[PDB]
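> fold the following, please.
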Amino acid sequence: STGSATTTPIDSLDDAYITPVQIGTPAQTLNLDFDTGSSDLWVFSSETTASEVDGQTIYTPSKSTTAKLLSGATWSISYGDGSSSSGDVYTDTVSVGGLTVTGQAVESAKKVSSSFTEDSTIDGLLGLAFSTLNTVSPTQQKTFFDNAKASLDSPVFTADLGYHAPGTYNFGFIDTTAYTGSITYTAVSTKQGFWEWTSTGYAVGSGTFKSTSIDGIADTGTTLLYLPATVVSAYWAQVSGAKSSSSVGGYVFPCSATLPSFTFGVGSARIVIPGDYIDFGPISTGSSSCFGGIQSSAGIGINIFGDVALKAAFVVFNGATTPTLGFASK
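Numbers count the residues shown, from 1 in each chain. Shown next is the structure:
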């Protein structure tokens, strides 16, 4: 089997991407944030505290003839941005782009933190990291990809995120028309539960490539590119007037600037992030100070190849017995 679904930016900055997902019988379609940095599929629901719902579409398990309470199971998750959610668990039928999994754990939110409430466009998350990170207790549950894997034509999914435009998540096949050149594959460590890999270096604009190993994660659920302070300083030093602002929370730059590109290495191959992808616009409405799309990871504990980096590539998440990541230009 295969599946193919369009993913759409939630706003004009590409802060996140939503993909329609069918849950239950008859189908209830929710727009979920596919997140290769986490491993829970959770949704706003008829159980979510009413004051914490503000415009989201909710899953109502009582209206699904295939929903079943997973007795005794609870979940609770906290994300790197400080947001969180928790609740109980149903199993139900879940379909993405024509690919159907029966018995998928659908984690129903009883509580969500303010940032979820305040984002009316995201109805939940669909985790695509390794199932060892799933938070369901006392019986850990499998991701949608893990459950579908055996049925797929090939045990892979791909992320093809657009810049200011829709893109595609494919399951079970590699669309050879969706990228240019060849796909370069690189080793993955699953020891932390992430799609963790080592980039071979970087370049700033037209500068020379610096060969240096950068361990980090491919994370579709993180907006920006978080890299070591040395790398980030070298990038922003090429932008007149850019500075790190403790009050804003990272590097800012004059909105009048033209940003240089940023290149990262994948083995001997190179992925070029155009300068425009690094512009996240005014820090506040009407400001001439703009927020940078490349930020320091020094306070995180891990480097994160988020959407800024991934949307410059066609990315293969290869879930074979020994997982690997593939990157191509497009």
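> list the contacts of residue 207.
Listed by Cβ atoms under 8 Å, 6 or more residues apart in numbering, the contact set of residue 207 reads residue 238. Every C-beta, even on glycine, is put in place using the N, C-alpha and C of the backbone.
> so which residue is dead centre in the chain?
Per Cα atoms, centre = their mean, the C-alpha nearest to the average position across the chain is that of residue 220, at 1.8 Å.
> what's the closest non-adjacent residue to that one?
Once its chain neighbours are removed from consideration, residue 220 has its nearest residue in residue 36; the separation is 4.5 Å (Cβ to Cβ, 6 or more residues apart in numbering).
> so that neighbour sits right up against residue 218, yeah?
Yes: in terms of Cβ atoms under 8 Å, residue 36 counts as a neighbour of residue 218; the distance is 5.8 Å.
> need the overlap of contacts for these two.
Residues touching both residue 36 and residue 218 comprise 195, 317, with contact defined as Cβ under 8 Å, 6+ apart.
> surely residue 240 touches residue 259?
No: the pair residue 240 / residue 259 is not scored as a contact, 10.9 Å apart, by Cβ under 8 Å.
> so which of the two has more stuff around it?
Neighbours per residue (other Cβ atoms under 10 Å) separate residue 240 from residue 259, with residue 259 holding more: 23 against 10.
> for the residue lying closest to the more buried one once chain neighbours are set aside, give me phi and psi.
For residue 259, ignoring the flanking residues on the chain, the nearest one in space by Cβ to Cβ, 6+ apart is residue 275 at 3.5 Å. Here the main-chain torsion angles of residue 275 (degrees, to the nearest 10) amount to phi -50, psi -40.
> for the one 4 residues further on, same thing?
The phi and psi torsions at residue 279 (degrees, to the nearest 10) take the values phi -90, psi 110.
> was I right to think it contacts residue 260?
No: with contacts counted by Cβ under 8 Å, residue 279 stays clear of residue 260, the gap being 11.5 Å.
> now do the contacts for residue 79.
By Cβ under 8 Å, 6+ apart, the residues touching residue 79 are 38, 221.
> helices of the stretch 1-150 of the chain, start to end?
Under the criterion DSSP state H, counting those that start in this stretch, helices of the stretch 1-150 of the chain are mapped to 114-117, 144-148.
> the first one packs against which elements?
It refers to helix 114-117. In terms of contacts (3 or more Cβ pairs under 8 Å, 6 or more residues apart in numbering; DSSP states H and E), helix 114-117 is not packed against any helix or strand.
> what do you get if the cut-off is 10 Å, keeping everything else the same?
Under the contact definition 3 or more Cβ pairs under 10 Å, 6 or more residues apart in numbering; DSSP states H and E, helix 114-117 sits against strand 84-96.
> give me the sheet partners of the strand it packs on and which way each runs.
Sheet neighbours of strand 84-96, with direction, are listed as strand 17-23 (antiparallel), strand 68-78 (antiparallel), strand 99-112 (antiparallel) (DSSP bridges).
> could you tell me which residues within the last one count as buried?
Translated: strand 99-112. Burial within strand 99-112, assessed by neighbour count using 16 or more other Cβ atoms under 10 Å, is assigned to 99, 101, 104, 105, 106, 107, 108, 109, 110, 112.
> tell me the bridge partners for the first one.
Counting by DSSP bridges, residue 99 is bridged to residue 96.
> go on, the fifth one?
According to DSSP bridges, the residues that bridge with residue 106 are residue 90.
> also the last one?
Beta-bridge partners for residue 112, by DSSP bridges, are residue 85.
> now do the contacts for it.
42, 44-45, 48-49, 52-53, 56, 83-87, 118-119, 124 (Cβ atoms under 10 Å, 6 or more residues apart in numbering).
> between the strands paired with strand 84-96, which gets nearest to residue 141?
Shortest separation from residue 141 across these is recorded for strand 99-112, at 3.7 Å, computed as Cβ to Cβ.
> could you export that closest one as PDB, CA atoms only?
Once side chains and other backbone atoms are set aside, the C-alpha atoms of strand 99-112 remain, and they are given as PDB (Å, rounded to 0.1, in the frame of the first residue of the first chain):
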ATOM      1  CA  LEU A  99      -3.400   4.800   3.500                       C
ATOM      2  CA  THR A 100      -5.400   3.200   6.300                       C
ATOM      3  CA  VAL A 101      -4.300   1.800   9.700                       C
ATOM      4  CA  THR A 102      -6.800   0.000  11.900                       C
ATOM      5  CA  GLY A 103      -6.300   0.000  15.700                       C
ATOM      6  CA  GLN A 104      -4.200   3.100  15.800                       C
ATOM      7  CA  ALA A 105      -3.700   4.700  19.200                       C
ATOM      8  CA  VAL A 106      -5.500   8.100  19.000                       C
ATOM      9  CA  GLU A 107      -4.600  10.100  22.100                       C
ATOM     10  CA  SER A 108      -7.500  12.300  23.200                       C
ATOM     11  CA  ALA A 109      -6.500  15.500  24.900                       C
ATOM     12  CA  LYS A 110      -8.100  16.400  28.100                       C
ATOM     13  CA  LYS A 111      -5.800  19.300  28.700                       C
ATOM     14  CA  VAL A 112      -3.600  21.400  26.300                       C
END
